[PDB]
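**Q**
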Amino acid sequence: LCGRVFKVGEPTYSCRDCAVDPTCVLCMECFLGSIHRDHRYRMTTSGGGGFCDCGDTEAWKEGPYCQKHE
Ligand SMILES: [Zn+2]
Ligand SMILES: [Zn+2]
Ligand SMILES: [Zn+2]
């Protein structure tokens with residue numbers, strides 16, 4: 098699993114099509130290797146803290162894993 102903890106200023110990505118709720122997010126590496134880069138995504142700059150949800154089926158209605166972690 099990715100598990101990346103976001104640092105100050107780091108971009109986080111959600112998918113408006115696949116996220117189960119708005120707290121479901123991916124780090125940049127997982128987002129760019131995921132199906133969601135072709136979807137309606139939303140980038141929010143992190144203030145630090147929280148973690149990447151790559152791999153969590155309860156976080157994503159489709160495409161829970163990126164190509165690196167699948
Ligand atoms: Zn990640
Ligand atoms: Zn990943
Ligand atoms: Zn998506």
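Following the authors' numbering, the numbering of the sequence shown begins with 98 at its first residue and continues without gaps.
Heads up, the beta-carbon is just placed ideally off N, CA and C, and yes, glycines get one too.
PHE128 by DSSP, collapsed to three states: which one?
**A** Here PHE128 sits in helix by DSSP.
**Q** Going by C-alpha to C-alpha distance, which of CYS127, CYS112, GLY106, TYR138 sits closest to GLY100?
**A** It is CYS127.
**Q** Check whether the Cβ of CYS115 lies closer than 6 Å to any heavy atom of ligand 3, and answer yes or no.
**A** Within the cutoff, so yes.
**Q** Indicate the three-state DSSP secondary structure (helix, strand or coil) for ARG101 in the structure shown.
**A** Here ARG101 sits in coil by DSSP.
**Q** At a threshold of 6 Å, does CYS112 count as lining ligand 3 (C-beta to nearest heavy atom)?
**A** Yes, the Cβ of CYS112 comes within 6 Å of a heavy atom of ligand 3.
**Q** If you check the beta carbons only, do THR109 and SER143 fall under 7 Å apart?
**A** For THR109 and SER143, yes; Cβs fall inside 7 Å.
**Q** What does DSSP give as the partner residues of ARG139 in its beta bridges?
**A** Bridge partners of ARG139: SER111.
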